[PDB]
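Chemist: Build me a structure from this.
(chains A, B and C)
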Amino acid sequence: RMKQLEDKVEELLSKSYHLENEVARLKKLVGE
Amino acid sequence: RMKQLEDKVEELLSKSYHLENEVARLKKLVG
Amino acid sequence: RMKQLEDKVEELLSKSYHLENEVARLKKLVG
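Modeler: Numbering: from 1, shown residues only, chains lettered A, B, ... in the order given. What follows is the structure:
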């Protein structure tokens, strides 16, 4: 089902958003 | 609708490439 | 096209896991 893929993609967009913020916190808190 | 998903996936592929490069840099500067 | 989307989403999920893991390593090496 298409629904199946839509749920996985929704999860991937949320994971990506979170990862982006983590990368920002790390490059700020000297993770350079 | 399928087009809708294809576009979201293409954007996720682009964002993932960018993040992998950011992570790679972060890593080199810490090690 | 459907099989193609499934393949790309599988690649994206694997990439997401690797990035998350690398970021978790970096929280060790930055501290």
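Chemist: From now on I want contacts and neighbour counts done on CA atoms only, so please keep to that.
Modeler: Noted.
Chemist: host element of the residue of chain A found nearest chain C?
Modeler: Taking Cα to the nearest Cα, chain C has its nearest neighbour within chain A at residue A:31, 5.7 Å off. Under DSSP states H and E, no helix or strand contains residue A:31.
Chemist: quick one: contacts for it?
Modeler: Residues near residue A:31 by Cα atoms under 8 Å, 6 or more residues apart in numbering or on different chains: A:25, B:26, B:27, B:29, B:30, C:26, C:30.
Chemist: Tell me, how many residues neighbour residue A:9?
Modeler: Residues within reach of residue A:9, counting by other Cα atoms under 10 Å in any protein chain shown, total 19.
Chemist: Stretch A:14-22 close to chain B?
Modeler: Yes: shown here: stretch A:14-22 in contact with chain B (Cα under 8 Å from any Cα of the partner chain) through A:16, A:19, A:20.
Chemist: neighbouring contacts of that stretch?
Modeler: Counting by Cα under 8 Å, 6+ apart, B:12, B:15, B:16, B:19, C:16, C:19, C:20, C:23 sit against stretch A:14-22.
Chemist: quick one: the helices in chain A?
Modeler: A:2-28 (DSSP state H).
Chemist: residue contacts, the closest residue to chain B within chain A?
Modeler: Closest residue of chain A to chain B, Cα to the nearest Cα: residue A:32 (4.9 Å). By Cα under 8 Å, 6+ apart, residue A:32 lies in contact with A:26, B:25, B:26, B:27, B:29, B:30.
Chemist: repeat that for 7 Å
Modeler: Going by Cα atoms under 7 Å, 6 or more residues apart in numbering or on different chains, residue A:32 touches B:26, B:29, B:30.
Chemist: one step back: among the residues of stretch A:14-22 next to chain B, name the buried ones.
Modeler: A:16, A:19, A:20 (16 or more other Cα atoms under 10 Å in any protein chain shown).
Chemist: give me the number of residues near residue A:2?
Modeler: 12.
Chemist: if you skip the residues just before and after it, what's nearest to it?
Modeler: The spatially closest residue to residue A:2, leaving aside those adjacent along the chain, is residue B:2, at 7.8 Å (Cα to Cα, 6 or more residues apart in numbering or on different chains).
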